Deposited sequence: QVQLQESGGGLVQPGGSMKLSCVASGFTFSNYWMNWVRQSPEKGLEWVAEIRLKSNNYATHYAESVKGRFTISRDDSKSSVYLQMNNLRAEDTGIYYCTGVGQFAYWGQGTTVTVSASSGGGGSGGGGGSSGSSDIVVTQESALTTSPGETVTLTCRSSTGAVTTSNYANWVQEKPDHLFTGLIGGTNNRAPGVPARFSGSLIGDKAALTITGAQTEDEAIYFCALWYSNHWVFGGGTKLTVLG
């Protein structure tokens, strides 16, 4: 299987620094871009940074919120990605995940850092086993198109993230066939054809905007009965 194991989190004072590490196994790490994404109760899921390949001169890009303070880097010889965090602020508090592949198939377990465009989804939907339910993802800039490479990621309890769909319509390896991704009208959509009890979870969509990602607020899916 694929594992992304994080380390480095902890308590740090405002103005402080911390370095996070993530070691990958089970896939050809060096062939894929890597990202850091953080979660806070306040700001939800927030994409932080990406790093591309050796053939891209390890090019990086950052969220505006961290640009000039955070540095993402990788060591392909150690199958590892890192995040150096400087000049930390209270708003940087959160659970930090390394994630990547097509485009957010794999997520680490998260490491907690304590410093002490809108993508719209349905807040909640209720379904029952065997029903067909469609979750949607809207962009504040206009239509969602294939240029937004919509991804769908599932969060189950204990902050367990799994990528389900990437590139609008592509089912991540070993993802159940009842999940499918598409564009419906001006939105991206996740359809579950025959919802199952265990599908009760929070589902986040992510959209790409030229050089960065924006995550929706998540949909809490209840599967009653």
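- Missing from the model, relative to the deposited sequence, is only the stretch 117-135.
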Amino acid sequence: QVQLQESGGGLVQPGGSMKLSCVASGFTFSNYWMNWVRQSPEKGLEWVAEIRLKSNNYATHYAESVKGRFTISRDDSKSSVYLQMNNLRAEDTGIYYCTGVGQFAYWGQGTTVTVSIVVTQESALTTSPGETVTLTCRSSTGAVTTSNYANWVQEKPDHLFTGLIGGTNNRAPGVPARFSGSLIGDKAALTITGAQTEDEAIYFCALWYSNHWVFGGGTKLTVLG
From here on, numbers count along this sequence of modelled residues.
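- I117 is a gap in at least a third of the other entries compared, counting only those with both neighbours built.
- Set 91-99 against 128-136 and average the Cα temperature factors; 91-99 ends up higher.
- Averaged over CA atoms, B-factors in the entry run higher in 81-89 than in the other of 81-89 and 101-109.
- If you compare the C-alpha temperature factors of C205, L11, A201, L20 in the entry, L11 comes out highest.
- Of the candidates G163, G194, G167, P173, the PDB record gives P173 the highest C-alpha temperature factor.
- Looking at the C-alpha B-factors along this chain, the one for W36 belongs to the lowest third.
- Ranked within its chain, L45 lands in the highest third, by CA B factor from the PDB record.
- In the PDB entry, a CA B factor belonging to the middle third of its chain's modelled residues is recorded for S30.
- Placement of the Cα temperature factor of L183 within the chain: middle third of the modelled residues, per the deposited record.
- Per the deposited record, the Cα B-factor of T222 falls in the middle third when ranked against the other modelled residues of its chain.
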